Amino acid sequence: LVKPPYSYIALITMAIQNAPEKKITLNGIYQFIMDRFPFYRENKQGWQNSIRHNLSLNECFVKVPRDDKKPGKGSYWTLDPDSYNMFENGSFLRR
């Protein structure tokens, strides 16, 4: 029960996966993760870096802009449908 055996990609995926509109704000990602996995309630300085790194880097995650600017300071993220259901397994162990 030290670290959840998920990648950041896994985590971001199930985060987007778990939105009702299937779009989520970066801080919404941070939250979903900490809300559920106690490991990431500390230190959070660093692993939040690597979450942002995985959005920027990975073609599977699609930044779409905010709506009505409420409040703003960050676009929404989604999944390239080519990669929605990439973690077909369901337990997010492989992609």
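The numbering used is simple: start at 1 and walk along the sequence shown.
Stretches compared: 71-79, 20-28. Higher mean C-alpha B-factor in the entry: 71-79. In this PDB entry, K44 carries a Cα temperature factor that places it within the highest third of its chain's modelled residues.
Among all modelled residues in this chain, the alpha-carbon of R52 has a temperature factor (C-alpha) in the middle third. In the PDB entry, a CA B factor belonging to the lowest third of its chain's modelled residues is recorded for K63.
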